[PDB]
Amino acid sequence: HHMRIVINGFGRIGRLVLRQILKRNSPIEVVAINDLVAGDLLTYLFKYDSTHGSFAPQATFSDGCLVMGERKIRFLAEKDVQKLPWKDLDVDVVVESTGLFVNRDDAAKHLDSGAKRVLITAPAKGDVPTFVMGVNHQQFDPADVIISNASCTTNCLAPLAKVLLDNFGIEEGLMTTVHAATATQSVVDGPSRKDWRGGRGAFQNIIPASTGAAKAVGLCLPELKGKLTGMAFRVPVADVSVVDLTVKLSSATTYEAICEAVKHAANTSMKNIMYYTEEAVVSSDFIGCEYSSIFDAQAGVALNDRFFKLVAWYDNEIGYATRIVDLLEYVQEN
């Protein structure tokens, strides 16, 4: 009587989603894993992780499956999309995490192959409902067959933006994310058609990049439509990012009142989504942290009673994968 999912794309997100499913003993049953390489190599990448340490030492690859005691997850290596056997496997939700099927027309092919629902682990183009846990996820409708979990940056900015919005109101906001390197970057200078800068050596450079997170916050928080914009800098760390939010609030307030508002949210409405800290934290302190947004109280500054610069950390890998598991469990219960 549990939820049957498959993971399409066993990458950073796909593998860590399975890790988080196992780490919490979720009732979700992972039925199949699809990627481009054989299961023995995927099992290796699942067991060994340069960022998050080793996992499941007893996990083994046997007979085309990932064997973990009695749990057996079927490995697949199909690229034609239409040849995925979701009808035979009775797939409830496809976790679409390849990074290549962000268009709704592309994601709809999983539905044609027998899947009942599709969860895109990235911002999606087209009429795709997008949810951020703790912000607008209760707006999920059982009739939505293709949904998105937004980006990791949106999951960091949106909760903070909601606390500021509900408590003080927002007039204007300009956001910067100092972002860890991701798989789309290059080890040495190479070509990247969509963004030339992104092909430059990932660990030699601070790399400016665009982001849609600020506009995305305007979708799950419609009162913020047209009030936020942003940019990004890619920097040589392998994981963990930070949001730098410069905001003009609608009401006069103090930095203490903002801290108290975020602290109160982290203990109530934003429980397990936002975290509030006053420690002298650095990025590596958040490797493995599962919150969407960790408010850095000592880092922020106030210019006057309406202009502030606020700092919020996030493990762009683990925090996002955990939100995927949270959203899946919410969809099963609705």
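All residue numbers refer to positions in the sequence shown, first residue = 1.
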| property | result |
| --- | --- |
| Mean Cα B-factor comparison, 242 to 250 or 159 to 167, giving the higher one as deposited | 159 to 167 |
| Mean temperature factor over C-alpha atoms, higher-scoring stretch between 295 to 303 and 41 to 49 | 41 to 49 |
| Residue selected from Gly126, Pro236, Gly173, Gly226 by maximal Cα B factor | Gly126 |
| From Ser62, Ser283, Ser269, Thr277, residue of greatest CA B-factor | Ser62 |
| Third of the chain's Cα B-factor distribution that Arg200 belongs to, per the entry | lowest |
| Third of the chain's Cα B-factor distribution that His179 belongs to, per the entry | lowest |
| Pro208 by Cα B-factor - lowest, middle or highest third of the modelled chain | lowest |
| Third assignment of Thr98 from its chain's C-alpha B-factors | highest |
| Chain-wide C-alpha B factor ranking for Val31, given as lowest, middle or highest third | highest |
